[PDB]
$ cat run_1.tsv   # TSV, C-alpha atoms and all ligand atoms
chain	number	residue	atom	x	y	z
A	1	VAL	CA	97.66	214.25	-68.37
A	2	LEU	CA	96.28	210.88	-67.31
A	3	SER	CA	97.39	209.54	-63.99
A	4	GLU	CA	99.19	206.26	-63.64
A	5	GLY	CA	95.91	204.75	-62.38
A	6	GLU	CA	94.06	205.94	-65.45
A	7	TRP	CA	96.78	204.60	-67.80
A	8	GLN	CA	96.45	201.25	-66.04
A	9	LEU	CA	92.70	201.15	-66.74
A	10	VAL	CA	93.36	201.92	-70.42
A	11	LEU	CA	96.07	199.31	-70.95
A	12	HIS	CA	94.20	196.67	-68.96
A	13	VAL	CA	91.34	196.79	-71.43
A	14	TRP	CA	93.67	197.20	-74.43
A	15	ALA	CA	95.40	193.89	-73.53
A	16	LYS	CA	91.93	192.32	-74.01
A	17	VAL	CA	91.52	194.06	-77.45
A	18	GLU	CA	94.79	192.49	-78.40
A	19	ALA	CA	93.31	188.99	-78.00
A	20	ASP	CA	91.30	189.61	-81.11
A	21	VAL	CA	92.71	192.61	-82.96
A	22	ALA	CA	91.04	191.75	-86.23
A	23	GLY	CA	87.52	191.30	-84.83
A	24	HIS	CA	87.83	194.59	-82.97
A	25	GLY	CA	89.26	196.38	-85.99
A	26	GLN	CA	86.46	195.31	-88.17
A	27	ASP	CA	83.69	196.18	-85.69
A	28	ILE	CA	85.16	199.67	-85.20
A	29	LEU	CA	85.52	200.57	-88.88
A	30	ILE	CA	82.03	199.21	-89.66
A	31	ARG	CA	80.53	201.22	-86.78
A	32	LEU	CA	82.39	204.32	-88.09
A	33	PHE	CA	81.10	203.79	-91.66
A	34	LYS	CA	77.52	203.13	-90.62
A	35	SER	CA	77.30	206.03	-88.09
A	36	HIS	CA	79.10	208.57	-90.25
A	37	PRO	CA	78.74	207.62	-93.95
A	38	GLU	CA	80.83	210.59	-95.06
A	39	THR	CA	83.88	208.84	-93.55
A	40	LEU	CA	83.60	205.89	-95.98
A	41	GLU	CA	84.00	208.33	-98.91
A	42	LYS	CA	87.61	209.00	-97.76
A	43	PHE	CA	88.66	205.43	-98.50
A	44	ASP	CA	89.02	204.86	-102.23
A	45	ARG	CA	89.73	201.26	-101.31
A	46	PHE	CA	86.43	200.70	-99.44
A	47	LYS	CA	84.00	203.07	-101.21
A	48	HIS	CA	82.48	200.21	-103.14
A	49	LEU	CA	81.05	198.59	-99.99
A	50	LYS	CA	77.33	199.33	-99.72
A	51	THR	CA	75.90	197.13	-96.98
A	52	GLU	CA	76.97	195.94	-93.56
A	53	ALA	CA	77.07	192.33	-94.86
A	54	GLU	CA	79.45	193.40	-97.64
A	55	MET	CA	81.68	195.16	-95.09
A	56	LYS	CA	81.75	192.11	-92.85
A	57	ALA	CA	82.82	189.93	-95.78
A	58	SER	CA	85.72	192.17	-96.95
A	59	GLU	CA	89.06	190.63	-96.00
A	60	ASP	CA	90.86	193.80	-97.02
A	61	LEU	CA	88.71	195.85	-94.58
A	62	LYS	CA	89.55	193.41	-91.80
A	63	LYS	CA	93.27	193.72	-92.71
A	64	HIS	CA	93.11	197.54	-92.49
A	65	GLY	CA	91.39	197.21	-89.09
A	66	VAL	CA	94.50	195.43	-87.83
A	67	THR	CA	96.64	198.21	-89.28
A	68	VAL	CA	94.66	200.90	-87.45
A	69	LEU	CA	94.49	199.21	-84.08
A	70	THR	CA	98.16	198.19	-84.17
A	71	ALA	CA	99.19	201.84	-84.66
A	72	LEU	CA	96.79	202.97	-81.96
A	73	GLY	CA	98.06	200.36	-79.56
A	74	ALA	CA	101.69	201.42	-80.07
A	75	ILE	CA	100.62	204.94	-79.15
A	76	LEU	CA	98.61	204.00	-76.07
A	77	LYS	CA	101.48	201.92	-74.68
A	78	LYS	CA	103.72	205.01	-74.72
A	79	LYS	CA	101.39	206.53	-72.11
A	80	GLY	CA	101.51	210.10	-73.44
A	81	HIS	CA	105.17	210.00	-74.50
A	82	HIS	CA	104.05	209.33	-78.05
A	83	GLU	CA	105.70	212.03	-80.15
A	84	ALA	CA	107.65	209.69	-82.46
A	85	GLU	CA	104.59	207.51	-83.14
A	86	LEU	CA	102.09	210.29	-83.55
A	87	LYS	CA	103.96	212.67	-85.85
A	88	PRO	CA	104.04	210.45	-88.98
A	89	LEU	CA	100.40	209.60	-88.45
A	90	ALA	CA	99.26	213.24	-88.26
A	91	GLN	CA	101.33	214.15	-91.29
A	92	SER	CA	99.84	211.45	-93.47
A	93	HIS	CA	96.28	211.93	-92.24
A	94	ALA	CA	96.46	215.73	-92.61
A	95	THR	CA	98.32	215.95	-95.88
A	96	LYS	CA	97.82	212.69	-97.71
A	97	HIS	CA	94.47	211.32	-96.60
A	98	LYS	CA	92.95	214.74	-95.81
A	99	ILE	CA	91.11	213.65	-92.72
A	100	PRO	CA	89.38	216.43	-90.70
A	101	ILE	CA	90.01	216.36	-86.95
A	102	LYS	CA	86.25	215.92	-86.51
A	103	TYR	CA	86.49	212.39	-88.08
A	104	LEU	CA	89.03	211.45	-85.40
A	105	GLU	CA	86.37	212.36	-82.90
A	106	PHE	CA	83.95	209.99	-84.78
A	107	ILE	CA	86.31	207.05	-84.73
A	108	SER	CA	87.03	207.70	-81.00
A	109	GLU	CA	83.28	207.30	-80.33
A	110	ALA	CA	83.29	204.05	-82.40
A	111	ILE	CA	86.20	202.63	-80.36
A	112	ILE	CA	84.42	203.36	-77.07
A	113	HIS	CA	81.18	201.80	-78.41
A	114	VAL	CA	82.95	198.59	-79.36
A	115	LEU	CA	85.05	198.30	-76.21
A	116	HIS	CA	81.80	198.64	-74.32
A	117	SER	CA	80.11	195.81	-76.28
A	118	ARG	CA	82.96	193.35	-75.99
A	119	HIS	CA	84.37	194.02	-72.53
A	120	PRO	CA	81.66	195.09	-70.00
A	121	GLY	CA	83.47	193.77	-66.94
A	122	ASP	CA	86.70	195.50	-67.87
A	123	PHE	CA	85.01	198.53	-69.25
A	124	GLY	CA	82.95	200.09	-66.47
A	125	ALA	CA	82.45	203.89	-66.12
A	126	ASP	CA	85.89	204.45	-64.61
A	127	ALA	CA	87.65	202.67	-67.50
A	128	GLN	CA	85.39	204.41	-70.03
A	129	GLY	CA	86.41	207.78	-68.50
A	130	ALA	CA	90.12	206.92	-68.67
A	131	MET	CA	89.83	205.70	-72.30
A	132	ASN	CA	88.01	208.93	-73.27
A	133	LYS	CA	90.85	210.92	-71.72
A	134	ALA	CA	93.49	208.89	-73.60
A	135	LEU	CA	91.65	209.40	-76.92
A	136	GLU	CA	91.23	213.15	-76.21
A	137	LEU	CA	94.94	213.34	-75.57
A	138	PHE	CA	95.52	211.55	-78.91
A	139	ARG	CA	93.28	214.07	-80.71
A	140	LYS	CA	94.77	217.09	-78.94
A	141	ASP	CA	98.32	216.20	-79.99
A	142	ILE	CA	97.25	215.43	-83.56
A	143	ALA	CA	95.33	218.73	-83.79
A	144	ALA	CA	98.50	220.58	-82.76
A	145	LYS	CA	100.42	219.01	-85.67
A	146	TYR	CA	97.52	219.77	-88.07
A	147	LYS	CA	97.59	223.43	-86.95
A	148	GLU	CA	101.32	223.66	-87.63
A	149	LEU	CA	100.84	222.27	-91.14
A	150	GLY	CA	97.87	224.50	-91.95
A	151	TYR	CA	95.08	221.94	-91.58
A	152	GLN	CA	93.27	222.74	-88.28
A	153	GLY	CA	90.07	221.52	-89.80
B	1	LIG	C1	92.42	205.87	-84.35
B	1	LIG	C2	92.69	206.76	-85.43
B	1	LIG	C3	93.40	206.39	-86.64
B	1	LIG	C4	94.48	205.66	-86.73
B	1	LIG	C5	95.40	205.02	-85.60
B	1	LIG	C6	94.75	205.54	-88.10
B	1	LIG	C7	95.93	204.83	-88.59
B	1	LIG	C8	96.20	204.63	-89.95
B	1	LIG	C9	97.36	203.90	-90.41
B	1	LIG	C10	98.42	203.33	-89.47
B	1	LIG	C11	97.35	203.95	-91.78
B	1	LIG	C12	98.40	203.40	-92.79
B	1	LIG	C13	99.65	204.29	-92.85
B	1	LIG	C14	99.30	205.76	-93.15
B	1	LIG	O1	98.86	206.05	-94.27
B	1	LIG	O2	99.33	206.60	-92.21
B	1	LIG	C15	96.12	204.70	-92.12
B	1	LIG	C16	95.70	204.95	-93.44
B	1	LIG	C17	94.49	205.59	-93.77
B	1	LIG	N1	93.61	206.17	-92.83
B	1	LIG	FE1	93.80	206.10	-90.87
B	1	LIG	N2	93.84	206.12	-88.89
B	1	LIG	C18	93.03	206.64	-88.02
B	1	LIG	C19	91.91	207.34	-88.41
B	1	LIG	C20	91.41	207.51	-89.66
B	1	LIG	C21	90.15	208.04	-89.95
B	1	LIG	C22	89.18	208.58	-88.91
B	1	LIG	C23	90.05	208.11	-91.38
B	1	LIG	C24	88.98	208.42	-92.28
B	1	LIG	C25	87.75	208.88	-91.77
B	1	LIG	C26	91.29	207.63	-91.79
B	1	LIG	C27	91.57	207.44	-93.11
B	1	LIG	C28	92.69	206.78	-93.58
B	1	LIG	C29	92.97	206.56	-95.05
B	1	LIG	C30	92.09	207.10	-96.18
B	1	LIG	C31	94.07	205.81	-95.13
B	1	LIG	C32	94.67	205.11	-96.33
B	1	LIG	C33	93.95	203.77	-96.56
B	1	LIG	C34	94.43	203.08	-97.81
B	1	LIG	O3	94.01	203.50	-98.91
B	1	LIG	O4	95.35	202.25	-97.73
B	1	LIG	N3	92.12	207.18	-90.76
B	1	LIG	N4	95.40	205.09	-90.95
$ encode --input "run_1.tsv" --output "structure tokens"
Amino acid sequence: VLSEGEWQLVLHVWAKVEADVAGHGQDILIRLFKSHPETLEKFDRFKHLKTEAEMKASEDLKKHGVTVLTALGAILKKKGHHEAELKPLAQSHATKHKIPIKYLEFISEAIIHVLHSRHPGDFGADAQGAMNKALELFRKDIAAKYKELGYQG
């Protein structure tokens, strides 16, 4: 469980992210696709993008970035009490999109990378540690739903 102090460090930096959701969303997905090319193959709607310049130019990619970070934000603001928000997400990602838990670990790493680039002063080691905890909590609760459905993996 995160403490109240750690949740405050998470939400203090998230309020920054929310100043520019679309720029953040795009940086994170591009970092994910460049660092782990196998993730791009899951998106029929983005598979055609071959370079970083092409990714940067895609309005649809940017629009999906907003989708992802808006869902993540709604979870983070529930500070662990996120059952209603998380359940539909795990169901679709396990059963419809077929996303391995490992990929959620990849995109967690991408989020931390980008937060670190854009918000140094609000993202020192203590914030980084709290954000890693929040994302681990996210993954741990999703993995439990996967297991139930028969997708641990
Ligand atoms: C921070 C973690 C993630 C969040 C909050 C997230 C959230 C979402 C949301 C809200 C949607 C649209 C509604 C739905 O289908 O559930 C979605 C769709 C999708 N996500 Fe994620 N996602 C996450 C991670 C990933 C990762 C790691 C992959 C692939 C490596 C993935 C692949 C997909 C796919 C394939 C779709 C459908 C895209 C389309 O064709 O419209 N997601 N995600």
$ closest_atom_pairs --input "run_1.tsv" --of "chain A" --to "ligand LIG 1 (chain B)" --cutoff "7 Å" --atoms "only C-alpha atoms and all ligand atoms" --output "CSV"
residue,atom,partner,partner_atom,distance
A:39,CA,B:LIG1,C25,4.3
A:40,CA,B:LIG1,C25,6.6
A:42,CA,B:LIG1,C30,5.1
A:43,CA,B:LIG1,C30,4.5
A:44,CA,B:LIG1,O3,6.1
A:45,CA,B:LIG1,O3,5.4
A:67,CA,B:LIG1,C10,5.4
A:68,CA,B:LIG1,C7,4.3
A:69,CA,B:LIG1,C5,6.1
A:71,CA,B:LIG1,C5,5.0
A:72,CA,B:LIG1,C5,4.4
A:88,CA,B:LIG1,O2,6.9
A:89,CA,B:LIG1,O2,4.9
A:92,CA,B:LIG1,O2,5.0
A:93,CA,B:LIG1,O2,6.1
A:97,CA,B:LIG1,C30,4.9
A:99,CA,B:LIG1,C24,5.7
A:103,CA,B:LIG1,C22,4.7
A:104,CA,B:LIG1,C22,4.5
A:106,CA,B:LIG1,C22,6.8
A:107,CA,B:LIG1,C22,5.3
A:108,CA,B:LIG1,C1,6.6
$ residues_around --input "run_1.tsv" --residues "region 121-133 of chain A" --least-positions-apart "6" --cutoff "10 Å" --atoms "only C-alpha atoms" --output "NGL selection string"
:A and (1-3 or 5-14 or 16 or 76 or 108-109 or 111-113 or 115 or 139)
$ closest_residue --input "run_1.tsv" --among "A:75, A:117, A:41, A:31" --to "residue 134 (chain A)" --atoms "only C-alpha atoms"
A:75
$ closest_residue --input "run_1.tsv" --among "A:105, A:36, A:94, A:110" --to "residue 148 (chain A)" --atoms "only C-alpha atoms"
A:94
$ closest_residue --input "run_1.tsv" --among "A:137, A:90, A:142, A:49" --to "residue 61 (chain A)" --atoms "only C-alpha atoms"
A:49
$ atom_distance --input "run_1.tsv" --atom1 "CA of residue 15 (chain A)" --atom2 "CA of residue 29 (chain A)"
19.4 Å
$ atom_distance --input "run_1.tsv" --atom1 "CA of residue 80 (chain A)" --atom2 "CA of residue 145 (chain A)"
15.2 Å
$ closest_residue --input "run_1.tsv" --among "A:95, A:17, A:135, A:100" --to "residue 149 (chain A)" --atoms "only C-alpha atoms"
A:95
$ residues_near_point --input "run_1.tsv" --point "(81.0, 193.9, -91.9)" --cutoff "10 Å" --atoms "only C-alpha atoms" --output "list in words"
residues 23, 26, 27, 28, 29, 30, 31, 33, 34, 49, 51, 52, 53, 54, 55, 56, 57, 58, 59, 61 and 62 of chain A
$ atom_distance --input "run_1.tsv" --atom1 "CA of residue 96 (chain A)" --atom2 "CA of residue 25 (chain A)"
21.8 Å
$ closest_residue --input "run_1.tsv" --among "A:120, A:73, A:101, A:138" --to "residue 152 (chain A)" --atoms "all atoms listed in the file"
A:101
$ build_atoms --input "run_1.tsv" --residues "region 63-86 of chain A" --atoms "N, CA, C and O atoms" --output "short mmCIF file (atom, residue, chain, number, x, y, z; two decimals), in the coordinates of the input"
data_model
loop_
_atom_site.label_atom_id
_atom_site.label_comp_id
_atom_site.auth_asym_id
_atom_site.auth_seq_id
_atom_site.Cartn_x
_atom_site.Cartn_y
_atom_site.Cartn_z
N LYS A 63 91.81 193.54 -92.74
CA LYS A 63 93.27 193.72 -92.71
C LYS A 63 93.65 195.18 -92.34
O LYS A 63 94.52 195.40 -91.52
N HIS A 64 92.90 196.14 -92.82
CA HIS A 64 93.11 197.54 -92.49
C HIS A 64 92.73 197.84 -91.01
O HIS A 64 93.36 198.67 -90.34
N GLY A 65 91.71 197.13 -90.50
CA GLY A 65 91.39 197.21 -89.09
C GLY A 65 92.58 196.86 -88.21
O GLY A 65 92.81 197.49 -87.15
N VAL A 66 93.29 195.80 -88.57
CA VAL A 66 94.50 195.43 -87.83
C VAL A 66 95.54 196.56 -87.91
O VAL A 66 96.23 196.87 -86.92
N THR A 67 95.73 197.10 -89.11
CA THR A 67 96.64 198.21 -89.28
C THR A 67 96.34 199.36 -88.33
O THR A 67 97.26 199.83 -87.61
N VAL A 68 95.06 199.75 -88.27
CA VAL A 68 94.66 200.90 -87.45
C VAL A 68 94.86 200.64 -85.96
O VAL A 68 95.49 201.41 -85.26
N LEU A 69 94.43 199.48 -85.49
CA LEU A 69 94.49 199.21 -84.08
C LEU A 69 95.87 198.90 -83.63
O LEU A 69 96.18 199.18 -82.48
N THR A 70 96.74 198.43 -84.53
CA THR A 70 98.16 198.19 -84.17
C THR A 70 98.94 199.50 -83.95
O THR A 70 99.71 199.64 -82.97
N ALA A 71 98.61 200.48 -84.78
CA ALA A 71 99.19 201.84 -84.66
C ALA A 71 98.64 202.51 -83.42
O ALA A 71 99.41 203.07 -82.63
N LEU A 72 97.35 202.34 -83.15
CA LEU A 72 96.79 202.97 -81.96
C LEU A 72 97.36 202.36 -80.71
O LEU A 72 97.70 203.06 -79.75
N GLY A 73 97.50 201.03 -80.71
CA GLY A 73 98.06 200.36 -79.56
C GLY A 73 99.47 200.83 -79.24
O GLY A 73 99.82 201.01 -78.06
N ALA A 74 100.30 201.02 -80.29
CA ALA A 74 101.69 201.42 -80.07
C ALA A 74 101.70 202.81 -79.41
O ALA A 74 102.53 203.09 -78.58
N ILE A 75 100.70 203.63 -79.73
CA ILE A 75 100.62 204.94 -79.15
C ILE A 75 100.21 204.81 -77.68
O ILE A 75 100.78 205.43 -76.79
N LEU A 76 99.10 204.14 -77.44
CA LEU A 76 98.61 204.00 -76.07
C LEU A 76 99.68 203.46 -75.11
O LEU A 76 99.79 203.94 -73.98
N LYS A 77 100.51 202.54 -75.58
CA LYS A 77 101.48 201.92 -74.68
C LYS A 77 102.64 202.87 -74.33
O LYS A 77 103.47 202.53 -73.51
N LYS A 78 102.68 204.03 -74.98
CA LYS A 78 103.72 205.01 -74.72
C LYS A 78 103.25 205.95 -73.62
O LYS A 78 104.01 206.86 -73.18
N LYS A 79 101.99 205.77 -73.22
CA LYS A 79 101.39 206.53 -72.11
C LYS A 79 101.67 208.05 -72.20
O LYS A 79 102.20 208.65 -71.23
N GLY A 80 101.28 208.67 -73.32
CA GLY A 80 101.51 210.10 -73.44
C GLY A 80 102.87 210.46 -74.05
O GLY A 80 102.96 211.46 -74.74
N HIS A 81 103.88 209.61 -73.95
CA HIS A 81 105.17 210.00 -74.50
C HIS A 81 105.24 209.58 -75.97
O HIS A 81 106.10 208.74 -76.33
N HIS A 82 104.27 210.01 -76.78
CA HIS A 82 104.05 209.33 -78.05
C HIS A 82 104.46 210.12 -79.28
O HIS A 82 103.96 209.89 -80.38
N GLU A 83 105.37 211.06 -79.11
CA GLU A 83 105.70 212.03 -80.15
C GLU A 83 106.17 211.34 -81.43
O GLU A 83 105.65 211.60 -82.49
N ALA A 84 107.07 210.36 -81.29
CA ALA A 84 107.65 209.69 -82.46
C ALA A 84 106.58 208.90 -83.25
O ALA A 84 106.64 208.79 -84.48
N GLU A 85 105.61 208.37 -82.53
CA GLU A 85 104.59 207.51 -83.14
C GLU A 85 103.51 208.38 -83.77
O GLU A 85 102.95 208.09 -84.85
N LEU A 86 103.24 209.51 -83.14
CA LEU A 86 102.09 210.29 -83.55
C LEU A 86 102.39 211.20 -84.72
O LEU A 86 101.58 211.28 -85.62
#
